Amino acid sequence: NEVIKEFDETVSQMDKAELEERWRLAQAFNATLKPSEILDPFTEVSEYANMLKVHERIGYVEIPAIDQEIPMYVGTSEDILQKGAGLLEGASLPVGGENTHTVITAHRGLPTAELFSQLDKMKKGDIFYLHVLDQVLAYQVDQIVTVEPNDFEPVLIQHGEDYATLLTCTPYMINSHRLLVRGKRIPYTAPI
């Protein structure tokens, strides 16, 4: 909020050639990422996403269906999950691209930040935006499933496609299962 304002303000002061080289470095990481075993963030050395870091924030996720703009951070440690959404370890960077699947995790509400509390309100067709460096990527929801903390392939990188999954715990205030809201990239570029 204050954080989101500070983020966009810093980005607008950054050099264009440098904004572009960073983007390309993240795309290079996405093009080479091997499939690995993705663990539940809510249970149990990294240069991961360095090119995207702006005072430790890698951007924010914007979800008009639930009136949220939540800062994103690297990893899903509790330090992070207390203050915003975390990018899941082993998944794509949120810079999109063919054969990518980024995964953004937040608690189902904290006492003073709703975060992903209202994620059950999202429906197929809903559009959310990843704001990353000076870019904004639109994703349109095409699948919503609830799974056991051991059930986790709907976050599989599917060849050809560009996906982003918003991930939280469910039922509300019980948190025994995981709610996955998957969106697929649609054409959108931020206005100038």
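We number the residues from 1 along the sequence you see.
The stretch of deposited sequence separating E44 from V45 contains 4 to 9 residues lacking coordinates in this entry.
Here the stretch with the larger average CA B-factor, out of 17-25 and 171-179, is 171-179. Comparing 100-108 with 81-89, the stretch with the higher mean C-alpha B-factor in the PDB entry is 81-89.
The PDB entry assigns the greatest CA B-factor among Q140, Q135, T32, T165 to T32. In this entry, the residue among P64, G59, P149, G125 with the greatest C-alpha B factor is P149. In the deposited entry, the Cα temperature factor of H159 places it in the highest third of its chain's modelled residues.
Sort the modelled residues of the chain by CA B factor and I192 lands in the highest third. When the CA B factors of the chain's modelled residues are split into thirds, the value for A49 lands in the highest one.
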